[PDB]
Every structure is written in structure tokens, then in C-alpha cells.
Amino acid sequence: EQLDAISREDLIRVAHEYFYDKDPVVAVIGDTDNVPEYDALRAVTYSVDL
Amino acid sequence: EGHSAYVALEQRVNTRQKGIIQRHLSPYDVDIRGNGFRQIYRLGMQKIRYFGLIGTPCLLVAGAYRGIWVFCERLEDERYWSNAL
């Protein structure tokens with residue numbers, strides 16, 4: 001009953017609240033020679049255009 | 001960044017890395033004040049010690065050259081005051 005009452009706008013708001021321009025936590029196991037470092041990953045959670 | 005001399009050196013010398021764990025905090029969770037005054041104090045102590053060590057040959061040579069400079073200056077003053085030039 002609560003699952004058919006969700007609005008697309010509400011879902012977009014929830015997605016924007018917690019993803020956009022937020023600090024993530026990364027865990028890596030393996031060849032870290034090729035996996036990007038945190039700083040770069042922190043700079044791609046937002047876009048210049050927005 | 002590949003096809004570079006330092007990458008080639010890494011691959012030739014260092015082994016295939018294994019058993020290293022790195023923990024990084026985001027800069028937003030680290031206070032810039034942080035370890036600030038302690039680092040200032042201890043780095044200043046270290047630099048004072050190091051410069052006291054490696055500056056003493058320069059101090060000794062400077063003392064000798066200052067002695068020579070004083071001698072030459074007084075000699076030239078005597079020469080000019082006596083019309084001996």
C-alpha cells in the first residue's frame with residue numbers, strides 16, 4: 001500500500017538529497033594501481049552545469 | 001602516466017605489491033587547525049638544529065673573510081688619508 005503511493009518527484013528528491021555533492025566512502029580490494037583515488041571521486045559527485 | 005621512466009623503474013625494481021592497507025579521510029572531515037601548532041613548533045626546532053649544524057663552516061669562513069675585509073678597509077683608509085695612492 002505504501003509502495004504505490006510513492007511519487008516520482010519524491011524519489012528524485014530523495015536521490016538528490018543523499019547523492020548530489022556528498023562525501024562517499026570507498027572500499028577497494030585488488031590492483032589499486034588503476035582504481036581512481038578518493039580526491040578524484042569526490043570531484044565527480046557534482047557537475048558544472050548542475 | 002604509463003610509458004614513463006619512473007613507471008618503468010617501479011616495474012623493474014619493486015615487486016608485485018601485496019598486503020598494504022591505506023586509510024584516507026575526506027578533507028571535509030579533517031580540521032585544518034589539526035596538528036598545526038605542534039607541527040610548527042617541532043619543525044622549527046628541527047630546522048634550528050639542522051641549520052646550526054650545516055651553517056658553521058660558512059660561519060667560520062665568514063669570520064675569516066671578515067677579518068681580511070677589516071684589514072683591507074683600514075689599510076685603504078690609511079693609504080687615502082696619507083695621499084699615498
# chains A, B, ... in the order shown; residues from 1 in each chain; ligands from 1
>>> interface_residues(of="chain A", to="chain B", cutoff="10 Å", atoms="only C-alpha atoms", output="JSON, numbers by chain")
{"A": [23, 24, 25, 26, 27, 28, 29, 30, 31, 32, 33, 37, 38, 39, 42]}
>>> select_by_dssp(residues="chain A", states="alpha helix (DSSP H)", output="list in words")
residues 8, 9, 10, 11, 12, 13, 14, 15, 16, 17, 18, 19, 38, 39, 40, 41 and 42 of chain A
>>> atom_distance(atom1="CA of residue 36 in chain B", atom2="CA of residue 50 in chain B")
20.9 Å
>>> atom_distance(atom1="CA of residue 16 in chain A", atom2="CA of residue 47 in chain A")
12.9 Å
>>> decode(residues="range 35-76 of chain B", atoms="N, CA and C atoms", output="compact mmCIF listing (two decimals), in the first residue's frame")
# COMPACT_ATOMS: atom_id res chain seq x y z
N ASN B 35 46.81 19.23 13.41
CA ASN B 35 48.12 19.13 14.06
C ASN B 35 49.00 20.31 13.66
N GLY B 36 48.48 21.52 13.91
CA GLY B 36 49.11 22.72 13.39
C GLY B 36 50.21 23.32 14.25
N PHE B 37 49.89 23.68 15.49
CA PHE B 37 50.89 24.31 16.35
C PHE B 37 51.99 23.33 16.72
N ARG B 38 51.63 22.08 16.98
CA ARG B 38 52.64 21.08 17.29
C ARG B 38 53.63 20.94 16.14
N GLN B 39 53.11 20.84 14.92
CA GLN B 39 53.99 20.71 13.76
C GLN B 39 54.84 21.96 13.58
N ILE B 40 54.25 23.14 13.75
CA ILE B 40 55.04 24.36 13.64
C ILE B 40 56.21 24.32 14.61
N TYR B 41 55.92 24.01 15.87
CA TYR B 41 56.97 24.02 16.89
C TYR B 41 58.06 23.01 16.57
N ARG B 42 57.67 21.77 16.25
CA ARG B 42 58.69 20.73 16.09
C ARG B 42 59.48 20.92 14.80
N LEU B 43 58.84 21.36 13.72
CA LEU B 43 59.58 21.66 12.51
C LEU B 43 60.53 22.83 12.72
N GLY B 44 60.12 23.84 13.48
CA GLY B 44 61.04 24.92 13.80
C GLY B 44 62.24 24.44 14.59
N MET B 45 62.00 23.58 15.58
CA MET B 45 63.11 23.01 16.33
C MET B 45 64.06 22.26 15.41
N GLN B 46 63.51 21.43 14.53
CA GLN B 46 64.36 20.65 13.63
C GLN B 46 65.17 21.55 12.72
N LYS B 47 64.55 22.59 12.16
CA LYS B 47 65.28 23.47 11.26
C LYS B 47 66.36 24.26 12.00
N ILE B 48 66.07 24.70 13.22
CA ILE B 48 67.10 25.38 14.00
C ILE B 48 68.30 24.46 14.20
N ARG B 49 68.04 23.21 14.58
CA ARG B 49 69.14 22.27 14.79
C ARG B 49 69.92 22.05 13.50
N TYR B 50 69.22 21.77 12.40
CA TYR B 50 69.89 21.44 11.16
C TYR B 50 70.72 22.61 10.65
N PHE B 51 70.16 23.82 10.70
CA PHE B 51 70.90 24.98 10.21
C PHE B 51 72.06 25.33 11.13
N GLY B 52 71.92 25.10 12.43
CA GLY B 52 73.08 25.23 13.30
C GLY B 52 74.17 24.25 12.94
N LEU B 53 73.79 23.05 12.48
CA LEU B 53 74.79 22.07 12.07
C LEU B 53 75.48 22.49 10.78
N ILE B 54 74.71 22.71 9.71
CA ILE B 54 75.29 22.84 8.38
C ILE B 54 75.71 24.27 8.05
N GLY B 55 75.51 25.22 8.95
CA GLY B 55 75.90 26.59 8.72
C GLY B 55 77.20 27.01 9.36
N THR B 56 77.85 26.12 10.11
CA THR B 56 79.02 26.52 10.88
C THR B 56 80.28 26.62 10.02
N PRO B 57 80.48 25.76 9.02
CA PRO B 57 81.59 26.04 8.09
C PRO B 57 81.47 27.40 7.43
N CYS B 58 80.24 27.77 7.05
CA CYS B 58 80.02 29.10 6.50
C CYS B 58 80.31 30.18 7.52
N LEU B 59 79.92 29.96 8.78
CA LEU B 59 80.23 30.95 9.81
C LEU B 59 81.73 31.13 9.99
N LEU B 60 82.49 30.04 10.00
CA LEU B 60 83.93 30.14 10.20
C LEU B 60 84.60 30.85 9.02
N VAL B 61 84.23 30.47 7.80
CA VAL B 61 84.82 31.12 6.64
C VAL B 61 84.41 32.59 6.59
N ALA B 62 83.18 32.90 7.01
CA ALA B 62 82.75 34.28 7.06
C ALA B 62 83.54 35.07 8.08
N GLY B 63 83.85 34.47 9.23
CA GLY B 63 84.68 35.15 10.21
C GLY B 63 86.06 35.46 9.67
N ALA B 64 86.67 34.49 9.00
CA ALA B 64 88.00 34.71 8.43
C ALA B 64 87.96 35.81 7.37
N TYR B 65 86.97 35.75 6.48
CA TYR B 65 86.86 36.76 5.44
C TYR B 65 86.53 38.13 6.02
N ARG B 66 85.78 38.19 7.12
CA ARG B 66 85.53 39.47 7.76
C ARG B 66 86.82 40.04 8.34
N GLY B 67 87.65 39.20 8.93
CA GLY B 67 88.95 39.67 9.39
C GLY B 67 89.76 40.27 8.26
N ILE B 68 89.82 39.56 7.13
CA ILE B 68 90.57 40.07 5.98
C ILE B 68 89.96 41.37 5.47
N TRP B 69 88.63 41.45 5.44
CA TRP B 69 87.96 42.65 4.97
C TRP B 69 88.29 43.84 5.85
N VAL B 70 88.27 43.65 7.17
CA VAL B 70 88.59 44.75 8.07
C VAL B 70 90.02 45.21 7.86
N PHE B 71 90.95 44.26 7.73
CA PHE B 71 92.33 44.63 7.47
C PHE B 71 92.44 45.47 6.20
N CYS B 72 91.82 45.01 5.11
CA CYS B 72 91.93 45.72 3.85
C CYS B 72 91.29 47.10 3.93
N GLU B 73 90.14 47.21 4.60
CA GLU B 73 89.49 48.51 4.72
C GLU B 73 90.37 49.50 5.47
N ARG B 74 90.92 49.09 6.61
CA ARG B 74 91.74 50.03 7.37
C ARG B 74 93.01 50.38 6.60
N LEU B 75 93.57 49.41 5.88
CA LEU B 75 94.74 49.69 5.06
C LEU B 75 94.44 50.74 4.01
N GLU B 76 93.30 50.61 3.32
CA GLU B 76 92.97 51.56 2.27
C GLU B 76 92.65 52.93 2.85
